[PDB]
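Read the single chain below, which is given as structure tokens and is the form deposited without the DNA.
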């Protein structure tokens, strides 16, 4: 009943999303150095195509702070298909339930922006 705080990263290539061991956490001025840790979750959608058959759209990757979201129970590093982990140096490996997720009724999504020098895999674009 709740959404990611940020807009999604859309996967346009065959590469899966992945970041080096200090990159990938979206910028949020209303968060602290301890909170800068979370995961991206892949969300695939299916639509009626041109032949009338079902077809997959491009996968979307949504960021959630650690301890929040559809995989709030997973500890950092947990093995699960469709889940990739990110953290910045100094972040605390504790659940961020104090941040939680977004209610689109009273909060717009934060435009996802990565800090200067973030290395993305092929098929991903940083605004």
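Residues that one form lacks are left out of the comparison. Numbering follows the first chain given and starts at 1. Only the largest set of C-alpha atoms that superpose within 1.5 Å between the two forms is called the rigid core.
There is also a form deposited with the DNA bound; it is not shown, and the following applies to it.
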Item to check | Contact label in the bound PDB entry: residue 104 to the DNA, heavy atom within 4.5 Å | outcome: yes
Item to check | Any non-hydrogen atom of residue 98 within 4.5 angstroms of the DNA in the bound PDB entry | outcome: no
Next on the checklist: When the contact criterion is heavy atoms within 4.5 Å, does residue 43 count as touching the DNA in the bound PDB entry?
Outcome noted: yes
Checklist entry - Do residue 33 and the DNA share at least one heavy atom pair within 4.5 Å in the bound PDB entry? => result no
Item to check | Contact set, 36 to 61 vs the DNA in the bound PDB entry - heavy atom within 4.5 angstroms | outcome: 41, 43, 45, 47, 48, 49, 50, 57, 60
Item to check | Core fit, then residue 51 C-alpha moves 2 Å or more between the shown form and the other one | outcome: yes
Item to check | Core-referenced shifts between the shown form and the other one - contiguous stretches of at least three, CA at least 2 Å | outcome: 48 to 55
